[PDB]
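Q: Before I ask anything, here is the structure I am working with.
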Amino acid sequence: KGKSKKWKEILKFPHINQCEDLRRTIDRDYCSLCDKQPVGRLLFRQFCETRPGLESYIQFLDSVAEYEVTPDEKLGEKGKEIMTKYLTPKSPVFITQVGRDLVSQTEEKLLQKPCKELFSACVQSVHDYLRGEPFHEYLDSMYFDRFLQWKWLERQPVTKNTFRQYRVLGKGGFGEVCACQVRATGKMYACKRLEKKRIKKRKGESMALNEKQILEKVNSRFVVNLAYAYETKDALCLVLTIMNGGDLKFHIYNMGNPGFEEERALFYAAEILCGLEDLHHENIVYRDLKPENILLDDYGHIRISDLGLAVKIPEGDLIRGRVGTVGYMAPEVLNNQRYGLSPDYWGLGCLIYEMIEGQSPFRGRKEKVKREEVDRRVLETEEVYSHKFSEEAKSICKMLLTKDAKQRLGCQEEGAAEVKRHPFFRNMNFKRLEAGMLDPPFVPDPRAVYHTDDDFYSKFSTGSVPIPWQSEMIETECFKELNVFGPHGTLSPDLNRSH
Ligand SMILES: CC1=C(C(=O)Nc2ccc3[nH]ncc3c2)[C@H](c2ccc(F)c(C(=O)NCc3ccccn3)c2)NC(=O)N1
């Protein structure tokens with residue numbers, strides 16, 4: 001399925017003794033090793049399936065997975081099924097390490113009205129059990145041994161020969177993004193290639209590193225994810241979630257009637273709002289919200305896709321910096337004031353207005369107007385609203401485009417939640433949107449085609465990102481095919497240490 005012919009050789013396990021060094025120097029943390037890291041999760045689960053009794057605790061955990069995705073109308077029926085499979089005195093798969101005391105509390109919260117995070121405490125205590133003896137036993141096992149081999153692979157050098165590069169997907173001041181493919185696994189990504197020459201000439205180091213490190217640590221369904229970072233002779237590359245559906249600028253202006261139906265604009269706004277929330281949760285200010293930085297995936301969901309201008313603000317501090325794009329810079333930025341998260345709500349106002357109207361609020365579409373004058377309109381004029389806005393669209397745009405940062409919607413104690421409560425979004429179910437369970441109102445046509453250096457370079461090129469790399473191995477069935485053990489209760493050669 002797009003894999004090279006030698007992929008099994010490329011991904012050949014190392015012998016287990018070559019992982020001696022890893023064994024000594026890996027934090028032996030349950031949540032990370034048996035839940036968060038996806039290959040570690042599967043291996044810990046495999047191990048459990050060989051110990052009489054533990055497959056109950058995992059079956060239960062899967063049953064709750066299914067519950068947390070179950071709708072409200074059927075939350076009761078499913079809650080009752082789980083109760084009489086796993087938790088009662090008489091249940092067939094009784095789990096004893098969840099208190100009867102907690103069973104009691106949970107029955108009472110149940111018979112009232114089922115609350116999506118109902119088994120909050122029961123899942124917790126289950127993990128409290130699994131992290132003791134079972135986990136420590138897992139560490140003794142063949143199955144962790146195998147995890148270390150997977151980890152070994154995860155850390156192998158990444159170079160341009162790990163990938164193949166195809167069509168250009170997008171372009172910018174500092175380089176271009178192409179569709180690329182991992183040779184060994186066939187998985188598709190987008191490779192953002194930044195010429196070393198341009199970075200140095202423009203002193204773009206900070207921006208490049210900021211972007212890499214922020215994409216590395218953010219994990220949001222509304223922001224492109226980072227899977228690899230590496231260097232070539234002439235470039236620095238980021239391998240990112242592939243977004244094949246075009247950017248919002250294109251979609252806005254690709255019609256008689258530039259501008260969307262409110263339904264659709266609402267929807268994008270909500271997803272972008274969530275994206276902003278995820279970044280703010282980490283104290284990142286984005287600073288460059290504009291339609292060309294939002295892209296669609298194949299299903300019509302969006303992600304914030306460029307973070308060159310984003311920056312981490314230490315807790316309890318403000319930053320200075322007159323950066324951004326003309327027409328999308330907030331007054332406090334244009335005035336070179338110190339600011340925090342506020343400019344992003346300004347940008348969100350700009351995006352909603354433009355999605356509805358088909359034009360920046362301070363700038364006609366294809367209007368010959370100079371930077372100086374746009375900046376002037378941003379600071380000195382109020383924006384106008386046409387017949388195209390419902391009252392609630394108008395309301396939210398004005399509230400987000402309040403010139404004073406301190407008084408602007410989204411910049412109070414509730415943060416983003418205040419924006420989610422605005423009537424404009426009165427129909428939108430955010431919990432489901434945040435869980436990826438709302439279908440978008442438009443699916444894109446797949447038929448369209450739209451010295452101090454060296455130090456910086458080593459900090460940039462860290463290789464594979466652990467969790468994305470493991471998901472890749474699973475998703476592409478490299479895990480399933482290669483994760484084989486010795487036959488009939490023995491060790492495979494890669495695991496024998498007499499070798
Ligand atoms: C979103 C976006 C570009 C883009 O297409 N990015 C992109 C990102 C992830 C992706 N996955 N699938 C397609 C895809 C496309 C495109 C672009 C492409 C390559 C670039 F290098 C830049 C670019 O220069 N961005 C600014 C920057 C400055 C400093 C450090 C890093 N970045 C912009 N132009 C733009 O204004 N925004």
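Identifiers in this document derive from the order of the structure tokens: chains are assigned A, B, ..., residues are numbered from 1 separately in each chain, and ligands are numbered from 1 in order of occurrence.
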What are the closest atom pairs, with distances in Å to one decimal, for each residue of chain A lying within 9 Å of ligand 1, using only C-alpha atoms and all ligand atoms, rows by chain and rising residue number, as a Markdown table?

A:
| residue | atom | partner | partner_atom_place_in_ligand_line | distance |
| --- | --- | --- | --- | --- |
| A:168 | CA | ligand 1 | 13 (C) | 8.7 |
| A:169 | CA | ligand 1 | 13 (C) | 5.4 |
| A:170 | CA | ligand 1 | 5 (O) | 3.6 |
| A:171 | CA | ligand 1 | 18 (C) | 3.7 |
| A:172 | CA | ligand 1 | 33 (C) | 3.5 |
| A:173 | CA | ligand 1 | 24 (O) | 4.1 |
| A:174 | CA | ligand 1 | 24 (O) | 3.7 |
| A:175 | CA | ligand 1 | 21 (F) | 3.6 |
| A:176 | CA | ligand 1 | 19 (C) | 3.8 |
| A:177 | CA | ligand 1 | 19 (C) | 5.0 |
| A:178 | CA | ligand 1 | 13 (C) | 7.2 |
| A:179 | CA | ligand 1 | 12 (N) | 7.0 |
| A:189 | CA | ligand 1 | 11 (N) | 6.9 |
| A:190 | CA | ligand 1 | 11 (N) | 4.6 |
| A:191 | CA | ligand 1 | 10 (C) | 7.4 |
| A:192 | CA | ligand 1 | 19 (C) | 5.8 |
| A:193 | CA | ligand 1 | 21 (F) | 6.5 |
| A:194 | CA | ligand 1 | 21 (F) | 5.7 |
| A:195 | CA | ligand 1 | 21 (F) | 8.7 |
| A:199 | CA | ligand 1 | 29 (C) | 7.6 |
| A:204 | CA | ligand 1 | 29 (C) | 5.5 |
| A:205 | CA | ligand 1 | 30 (C) | 7.4 |
| A:206 | CA | ligand 1 | 30 (C) | 7.8 |
| A:207 | CA | ligand 1 | 29 (C) | 4.6 |
| A:208 | CA | ligand 1 | 30 (C) | 3.9 |
| A:209 | CA | ligand 1 | 30 (C) | 7.5 |
| A:210 | CA | ligand 1 | 30 (C) | 8.0 |
| A:211 | CA | ligand 1 | 31 (C) | 6.2 |
| A:212 | CA | ligand 1 | 31 (C) | 8.3 |
| A:224 | CA | ligand 1 | 9 (C) | 6.4 |
| A:225 | CA | ligand 1 | 9 (C) | 8.7 |
| A:238 | CA | ligand 1 | 9 (C) | 8.9 |
| A:239 | CA | ligand 1 | 9 (C) | 8.3 |
| A:240 | CA | ligand 1 | 11 (N) | 5.7 |
| A:241 | CA | ligand 1 | 11 (N) | 5.1 |
| A:242 | CA | ligand 1 | 12 (N) | 3.6 |
| A:243 | CA | ligand 1 | 12 (N) | 3.7 |
| A:244 | CA | ligand 1 | 12 (N) | 6.0 |
| A:245 | CA | ligand 1 | 13 (C) | 8.4 |
| A:246 | CA | ligand 1 | 13 (C) | 7.9 |
| A:247 | CA | ligand 1 | 1 (C) | 7.3 |
| A:290 | CA | ligand 1 | 36 (O) | 8.5 |
| A:291 | CA | ligand 1 | 36 (O) | 8.6 |
| A:292 | CA | ligand 1 | 36 (O) | 5.2 |
| A:293 | CA | ligand 1 | 1 (C) | 4.1 |
| A:294 | CA | ligand 1 | 1 (C) | 6.3 |
| A:295 | CA | ligand 1 | 1 (C) | 6.9 |
| A:296 | CA | ligand 1 | 12 (N) | 8.7 |
| A:297 | CA | ligand 1 | 12 (N) | 8.0 |
| A:303 | CA | ligand 1 | 9 (C) | 8.9 |
| A:304 | CA | ligand 1 | 1 (C) | 7.6 |
| A:305 | CA | ligand 1 | 8 (C) | 4.7 |
| A:306 | CA | ligand 1 | 1 (C) | 4.8 |
| A:307 | CA | ligand 1 | 32 (N) | 6.4 |
| A:308 | CA | ligand 1 | 32 (N) | 3.9 |
| A:309 | CA | ligand 1 | 28 (C) | 6.6 |

Q: From the DSSP assignment of the backbone, select every residue of segment 208-270 of chain A that is strand (DSSP E), and format the answer as a VMD selection string.

A: chain A and resid 226 to 231 235 to 240

Q: Save out the residues we just selected, C-alpha atoms, as an mmCIF file, in the first residue's frame.

A:
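After the write, result.cif holds the following:
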data_model
loop_
_atom_site.group_PDB
_atom_site.id
_atom_site.type_symbol
_atom_site.label_atom_id
_atom_site.label_comp_id
_atom_site.auth_asym_id
_atom_site.auth_seq_id
_atom_site.Cartn_x
_atom_site.Cartn_y
_atom_site.Cartn_z
ATOM 1 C CA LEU A 226 4.119 17.372 13.861
ATOM 2 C CA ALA A 227 5.426 13.859 13.099
ATOM 3 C CA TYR A 228 9.067 14.569 12.215
ATOM 4 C CA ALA A 229 11.675 17.324 12.195
ATOM 5 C CA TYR A 230 14.941 17.009 10.307
ATOM 6 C CA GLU A 231 17.685 18.774 8.363
ATOM 7 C CA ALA A 235 16.891 22.972 4.393
ATOM 8 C CA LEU A 236 14.997 22.333 7.583
ATOM 9 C CA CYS A 237 11.849 20.231 7.226
ATOM 10 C CA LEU A 238 8.719 19.760 9.281
ATOM 11 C CA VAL A 239 6.535 16.810 8.454
ATOM 12 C CA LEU A 240 2.952 17.620 9.303
#

Q: Residues near residue 326 of chain A, anyone? I mean within 12 Å using only C-alpha atoms, not counting same-chain ones fewer than 2 positions away, as number ranges by chain.

A: A: 287-290, 322-324, 328-331, 333-334, 347, 350, 360-363, 369-378

Q: Could you pull out the helix (DSSP H, G or I) residues of segment 208-457 of chain A from DSSP and send them as number ranges by chain?

A: A: 208-217, 248-252, 262-281, 291-293, 331-334, 342-357, 371-380, 391-400, 405-407, 416-420, 423-425, 430-434, 452-457

Q: Considering only C-alpha atoms, can you say which of A:16, A:218, A:248, A:428 comes closest to residue 146 of chain A?

A: A:16

Q: From the list A:383, A:406, A:357, A:1, which residue is nearest residue 188 of chain A when using only C-alpha atoms?

A: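 Of the candidates, the smallest distance to residue 188 of chain A is held by A:1.
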
Q: What gap, in Å, lies between atom CA of residue 52 of chain A and atom CA of residue 127 of chain A?

A: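 Separating atom CA of residue 52 of chain A from atom CA of residue 127 of chain A is a distance of 17.5 Å.
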
Q: Looking at A:79, A:410, A:14, A:275, which one is nearest to residue 145 of chain A, with distances taken over only C-alpha atoms?

A: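 Residue with the minimum atom-to-atom distance to residue 145 of chain A: A:14.
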
Q: Using only C-alpha atoms, find the one residue out of A:495, A:391, A:251, A:72 that sits nearest to residue 141 of chain A.

A: A:495

Q: Can you tell me how far atom CA of residue 129 of chain A sits from atom CA of residue 56 of chain A, in Å to one decimal?

A: 12.5 Å

Q: Do you know which residues are at most 10 Å from residue 48 of chain A counting only C-alpha atoms, after dropping those on the same chain fewer than 4 positions away, and could you put them as a list in words?

A: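 Final neighbour list, sorted by chain and number: residues 42, 43, 44, 52, 53, 54, 55, 56, 57, 58, 130, 134, 135, 137, 138 and 143 of chain A.
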
Q: Those residues you just picked out, can you put them in a file as a tab-separated table (two decimals), in the first residue's frame with C-alpha atoms?

A:
chain	number	residue	atom	x	y	z
A	42	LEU	CA	-1.08	-2.27	22.68
A	43	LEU	CA	1.85	-4.20	24.14
A	44	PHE	CA	0.74	-3.72	27.71
A	52	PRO	CA	-5.80	-14.78	33.74
A	53	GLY	CA	-7.92	-11.99	35.19
A	54	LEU	CA	-6.45	-8.82	33.70
A	55	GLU	CA	-8.30	-9.05	30.37
A	56	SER	CA	-11.35	-8.22	32.53
A	57	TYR	CA	-9.92	-4.83	33.49
A	58	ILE	CA	-9.18	-4.01	29.86
A	130	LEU	CA	-2.90	-1.74	36.91
A	134	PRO	CA	0.71	-5.80	36.75
A	135	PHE	CA	2.71	-2.94	35.32
A	137	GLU	CA	5.25	-7.49	35.89
A	138	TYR	CA	4.83	-6.10	32.37
A	143	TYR	CA	6.22	-7.47	25.89

Q: Residues near residue 185 of chain A, anyone? I mean within 9 Å using only C-alpha atoms, not counting same-chain ones fewer than 6 positions away, as a list in words.

A: residues 1, 2, 3, 4, 7, 472, 473, 476, 477 and 478 of chain A

Q: Could you write out that same residue set with C-alpha atoms as a PDB file, in the first residue's frame?

A:
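Here's the written file selection.pdb:
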ATOM      1  CA  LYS A   1       0.000   0.000   0.000  1.00  0.00           C
ATOM      2  CA  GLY A   2       2.714   2.486  -1.070  1.00  0.00           C
ATOM      3  CA  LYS A   3       5.389   0.781   1.053  1.00  0.00           C
ATOM      4  CA  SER A   4       8.874   0.302  -0.433  1.00  0.00           C
ATOM      5  CA  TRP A   7      10.296  -2.010   4.400  1.00  0.00           C
ATOM      6  CA  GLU A 472       1.760   5.785  12.088  1.00  0.00           C
ATOM      7  CA  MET A 473       3.216   2.302  12.690  1.00  0.00           C
ATOM      8  CA  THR A 476      -0.271   1.498   8.493  1.00  0.00           C
ATOM      9  CA  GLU A 477      -0.253  -2.057   9.927  1.00  0.00           C
ATOM     10  CA  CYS A 478       3.531  -2.081  10.226  1.00  0.00           C
TER      11      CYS A 478
END

Q: Return as CSV the residues of segment 265-353 of chain A lying at most 9 Å from segment 415-427 of chain A, together with the closest atom-to-atom pair for each and the distance in Å to one decimal, counting only C-alpha atoms, with rows in chain order and ascending residue number.

A:
residue,atom,partner,partner_atom,distance
A:266,CA,A:425,CA,6.9
A:267,CA,A:425,CA,8.7
A:270,CA,A:425,CA,7.6
A:273,CA,A:416,CA,7.1
A:274,CA,A:416,CA,7.9
A:276,CA,A:416,CA,8.1
A:277,CA,A:416,CA,6.1
A:280,CA,A:416,CA,9.0
A:345,CA,A:416,CA,8.9

Q: Keeping only C-alpha atoms, write the selected residues to a file as a compact mmCIF listing (two decimals), in the first residue's frame.

A:
# COMPACT_ATOMS: atom_id res chain seq x y z
CA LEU A 266 -20.57 29.14 12.05
CA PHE A 267 -19.08 25.73 11.72
CA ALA A 270 -16.41 27.01 16.03
CA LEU A 273 -12.34 28.77 18.25
CA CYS A 274 -11.54 25.35 19.63
CA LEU A 276 -7.50 28.81 19.55
CA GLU A 277 -8.61 27.39 22.88
CA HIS A 280 -4.29 29.23 24.74
CA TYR A 345 -9.89 37.02 19.36

Q: If you count only C-alpha atoms, which residues fall within 9 Å of residue 394 of chain A, apart from same-chain ones fewer than 3 positions away, as a PyMOL selection string?

A: chain A and resi 353+385+389-391+397-399+424

Q: Would you compute the distance between atom CA of residue 318 of chain A and atom CA of residue 203 of chain A? Give it in Å to one decimal.

A: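 Spanning atom CA of residue 318 of chain A to atom CA of residue 203 of chain A is a straight-line distance of 22.8 Å.
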
Q: Would you mind listing what lies within 9 Å of residue 155 of chain A as a ChimeraX atom specification, with only C-alpha atoms counted and same-chain residues fewer than 5 positions away left out?

A: /A:150,463-466

Q: Dump N, CA and C atoms for the selected residues as an mmCIF file, in the first residue's frame?

A:
data_model
loop_
_atom_site.group_PDB
_atom_site.id
_atom_site.type_symbol
_atom_site.label_atom_id
_atom_site.label_comp_id
_atom_site.auth_asym_id
_atom_site.auth_seq_id
_atom_site.Cartn_x
_atom_site.Cartn_y
_atom_site.Cartn_z
ATOM 1 N N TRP A 150 10.777 -1.351 19.636
ATOM 2 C CA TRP A 150 10.017 -0.362 18.912
ATOM 3 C C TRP A 150 10.599 1.029 19.209
ATOM 4 N N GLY A 463 14.102 14.599 14.953
ATOM 5 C CA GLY A 463 13.719 13.310 14.437
ATOM 6 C C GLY A 463 12.240 13.073 14.624
ATOM 7 N N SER A 464 11.903 11.817 14.854
ATOM 8 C CA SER A 464 10.539 11.383 15.007
ATOM 9 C C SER A 464 9.928 11.872 16.287
ATOM 10 N N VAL A 465 8.660 12.281 16.210
ATOM 11 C CA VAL A 465 7.901 12.571 17.394
ATOM 12 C C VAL A 465 7.252 11.284 17.869
ATOM 13 N N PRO A 466 7.488 10.923 19.138
ATOM 14 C CA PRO A 466 7.162 9.559 19.566
ATOM 15 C C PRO A 466 5.738 9.107 19.293
#
